[PDB]
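Novice:
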Amino acid sequence: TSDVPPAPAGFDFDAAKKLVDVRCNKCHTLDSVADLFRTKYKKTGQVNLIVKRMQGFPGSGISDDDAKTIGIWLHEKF
Ligand code: HEC
Ligand code: NA
Numbered sequence: 129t130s131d132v133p134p135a136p137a138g139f140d141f142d143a144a145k146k147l148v149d150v151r152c153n154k155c156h157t158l159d160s161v162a163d164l165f166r167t168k169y170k171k172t173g174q175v176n177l178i179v180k181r182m183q184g185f186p187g188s189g190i191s192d193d194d195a196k197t198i199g200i201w202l203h204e205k206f
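When the letters of the sequence shown are read in order and numbered with PDB author numbering, they come out as residues 129 to 206.
1. Alpha helix (DSSP H) containing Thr197: first to last residue?
2. With distance defined between alpha-carbon atoms, name the residue in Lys205, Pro186 and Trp201 nearest to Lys154.
3. Please indicate yes or no: does the CB of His203 lie closer than 8 Å to some heavy atom of the ligand NA?
4. May I ask which residues mark the beginning and end of the alpha helix (DSSP H) holding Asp142?
5. Given a threshold of 16 other Cβ atoms within 10 Å of its Cβ, counted over all protein chains shown, does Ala137 qualify as buried or as exposed?
Now the structure itself:
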């Protein structure tokens, strides 16, 4: 099952995508890991696992709230 639950009703996916773009292109492009992300993490319901790993890296600048938003968008839209 997914480690990211369904978005709150009325979730702003457009704003969430902007936050993904800001947070997940700083150290590497999201594009450079996109295929791997989909097969290894999204397909296996482990989106939160990888987002939290990235958050824990030095200089990630990812807050707990950012991680929630980013996980929802990656899980539902990426
Ligand atoms: C602080 C720098 C940094 C930020 C910000 C960052 N990453 Fe990473 N990312 C890394 C490093 C370093 C690696 C290579 C080591 C590894 O695989 O964990 C990596 C690798 C990855 C991988 C490949 C993991 C694998 O199994 O090979 C994925 C997917 C990924 N990042 C997704 C993301 C997403 C999604 C975000 C935004 C939440 C993000 N990254 C933000 C540093 C960062
Ligand atoms: Na680059």
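Where is the CB? At the ideal position from N, CA and C, for every residue including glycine.
Specialist: Straight from the coordinates:
1. Residue 197 sits at position 69 when you count from the first residue of the sequence shown. Start and end: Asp192 to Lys205.
2. Counted from its first residue, the sequence shown places residue 154 at position 26. Comparing Cα positions, the closest option is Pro186.
3. The residue labelled residue 203 in the question sits at position 75 within the sequence shown. No, the ligand NA has no heavy atom inside 8 Å of this Cβ.
4. The residue you call residue 142 lines up with position 14 of the sequence shown. Segment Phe141 to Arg151, the alpha helix (DSSP H) holding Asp142.
5. As a first step, residue 137 must be located in the sequence shown, where it is residue number 9. Around the C-beta of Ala137, fewer than 16 other C-beta atoms lie within 10 Å, and the residue is accordingly described as exposed.
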